[PDB]
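>>> What would the 3D arrangement of this be:
(one chain, ligands or ions: 1)
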Amino acid sequence: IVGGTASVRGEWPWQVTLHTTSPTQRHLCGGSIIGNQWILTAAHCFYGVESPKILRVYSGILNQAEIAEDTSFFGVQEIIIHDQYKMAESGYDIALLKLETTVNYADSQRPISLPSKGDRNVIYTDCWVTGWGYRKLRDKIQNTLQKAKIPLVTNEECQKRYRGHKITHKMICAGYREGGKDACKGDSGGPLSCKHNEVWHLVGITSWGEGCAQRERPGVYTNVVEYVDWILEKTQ
Ligand SMILES: N=C(N)NCCCNC(=O)[C@H](Cc1ccccc1)NC(=O)c1ccc2[nH]c(=O)cc(O)c2c1
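Numbering: from 1, shown residues only. Let me share the structure:
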């Protein structure tokens, strides 16, 4: 997260850190608890991941230093990638992780509500992007989870910024004209959370962008409300 600040312990309880064990253990992607056995993440995260066996999901984490060999984690039983996905930039950048065991909800780890089809005309003004990613383009994974308030840009405005791409209705963009605040390497799969009527909604999944926090380049997120039927179908 560029131009962000440290989160407080448990202020983003749906936020998970997805690790890989191959060749040595490292953070791979962010993700969100959407159910007892369900993590919503991005599809691009699993490029070259042959088996869900190398994956470890960690919940209730503030700092990466909390993860040692003796730390409990959730095994992955299945990676469900959307069947129309090819790559991040063309959309359908969504994946569900079926956990081996269920998550015991507490103040440190709880699910985030998915937006309803009626909320398609809601004007979200309290949107945050969270992750352990890069604080600059050339950096490293951060110990402490960062947060940044980012305003939603219209699909019409985002399209003018990405003239060589098609920004579809299944995408949502967020950013400042002048830049300085955005997701960066290591934040993908993660939530774009928006507070509406005292309730937090998973509005977007960190997907792609041209660099990180550049002027006139909003970050591009998967628009979750467009996948609530696919989420229902695959979670059955
Ligand atoms: N402006 C925007 N909104 N951009 C959004 C998209 C940002 N892209 C990402 O997050 C990529 C995607 C991606 C995710 C997984 C694999 C390839 C690409 N992540 C990484 O490269 C990434 C991820 C984990 C890492 N683990 C480490 O230990 C050291 C790393 O260097 C490191 C870097």
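
>>> Any figure for the gap between residue 231 and residue 109?
Using Cβ to Cβ, to the nearest Å, residue 231 is found at 19 Å from residue 109. In short, each C-beta sits where N, CA and C put it, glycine included.

>>> Near the ligand, which residues of the protein are found?
Among all residues of the chain, those adjacent to the ligand (criterion: Cβ under 6 Å from any ligand atom) are 26-29, 44-45, 133, 141, 182-188, 206, 208-209, 212, 219.

>>> What's the end-to-end length of stretch 65-84?
Distance across stretch 65-84, first residue to last, is 37 Å (Cα to Cα, to the nearest Å).

>>> let me fix that: stretch 40-55
Here stretch 40-55 reaches across 14 Å from its first residue to its last, counting by Cα to Cα.

>>> Same check on stretch 31-45?
10 Å.

>>> do stretch 149-158 as well
In stretch 149-158, first residue to last residue: 18 Å (Cα to Cα).

>>> from memory residue 208 sits against residue 88, does it?
Yes - using Cβ atoms under 8 Å, residue 208 and residue 88 qualify as a contacting pair, with a distance of 4.3 Å.

>>> Mind listing the shared neighbours of the two?
Between them, residue 208 and residue 88 have 44, 188 as joint contacts when contacts are counted by Cβ atoms under 8 Å, 6 or more residues apart in numbering.

>>> Do you have the helices of this protein handy? List them.
Listed in chain order, the helices of the chain (DSSP state H) span 155-161, 228-235.

>>> Throw those into CSV and include mean neighbour count, thanks.
Putting the helices of the chain into CSV (neighbours: other Cβ atoms under 10 Å) gives the following:
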stretch, mean neighbour count
helix 155-161, 15
helix 228-235, 14
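
>>> what residues are up against residue 107?
Taking Cβ under 8 Å, 6+ apart, we find residue 107 in contact with 10, 13.

>>> Just list whatever residues bridge to the closest residue to residue 34 other than its chain neighbours.
Closest residue to residue 34 in three dimensions, ignoring its sequence neighbours and counting by Cβ to Cβ, 6 or more residues apart in numbering: residue 40, at 4.6 Å. Applying DSSP bridges to residue 40 gives these bridge partners: residue 32, residue 96.
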